[PDB]
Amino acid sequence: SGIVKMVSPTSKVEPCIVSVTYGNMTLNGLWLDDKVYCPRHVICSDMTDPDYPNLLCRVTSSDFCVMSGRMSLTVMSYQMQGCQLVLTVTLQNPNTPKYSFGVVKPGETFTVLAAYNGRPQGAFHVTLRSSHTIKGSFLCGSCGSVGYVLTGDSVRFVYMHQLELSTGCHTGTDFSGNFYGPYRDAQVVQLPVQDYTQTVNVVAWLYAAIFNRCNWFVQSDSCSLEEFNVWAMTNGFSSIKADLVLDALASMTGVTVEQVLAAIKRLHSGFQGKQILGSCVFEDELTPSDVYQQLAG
């Protein structure tokens, strides 16, 4: 049946993408109801480490250029919240979906809708690392691209891109303005913290392999959950908790979670020429629910 990195449909997020421009700088925003969320560094031009409290008082609402496609919105008021600006506009967005705000935890996934000049160009699958970073694809002009999850018919916005720590390593803010991890909206040295292999995802990826007729790593030995965590702290692996989806996967497959955990520690020492779903390394970018919907739905 095959397994891929899937993304959520973008049809209810796309009509909310807008372009915010103050001074010389343009980035992307999210237009929900009568509000427009965007990163606060749209008012800097000061480079390096800005002084956002004092820079905000020269700011006047009429120097923001908000563009939904080719319609222009006007700013009544604004508000600095954390490291984002919440702009109030004249018009309620007529394509607002039922939406909430959330915070993803390490291991969990979401869809990033990459935008430039307030125009969506594509979407991709991302996993929050234990560094509180994501491995995305962003260039200049991409700040303000939102990360969201579809919870059926509603959108739970969770991410707003702002920063690139290292090559291929990105982070941003939730929609309360707070950065994921100990980072801030300044061009200061910010090396990411220690990262770990997301074990629950690697377990779910291996159950996916068993569903796809790839079970040569399954054996008789088992490793407990609490005995795995002891081993994980010293070999680059995250903690694992009980998971209903992992139990569902474990029943459908006929092999226990404890057998997969024991298979992981054996395969940490190399795959020995052979491949798991055409891979040489552990795949930890698919949560149990991501693996569950590509095996049952």
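So that there is no doubt, residue numbering starts at 1 and follows the sequence shown.
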{"item": "Mean temperature factor over C-alpha atoms, higher-scoring stretch between 107-115 and 178-186", "value": "178-186"}
{"item": "Segment of higher mean CA temperature factor, 141-149 or 190-198", "value": "190-198"}
{"item": "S289, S19, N24, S11, ranked by C-alpha B-factor: the highest one", "value": "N24"}
{"item": "Chain-relative CA temperature factor third for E258", "value": "middle"}
{"item": "Third of chain Cα B-factors occupied by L32", "value": "middle"}
{"item": "Position of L56 among the chain's modelled residues by C-alpha B-factor, lowest, middle or highest third", "value": "highest"}
{"item": "Cα B factor band for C169 (lowest, middle or highest third within the chain)", "value": "middle"}
{"item": "Third of the chain, ranked by Cα B-factor, where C223 sits", "value": "middle"}
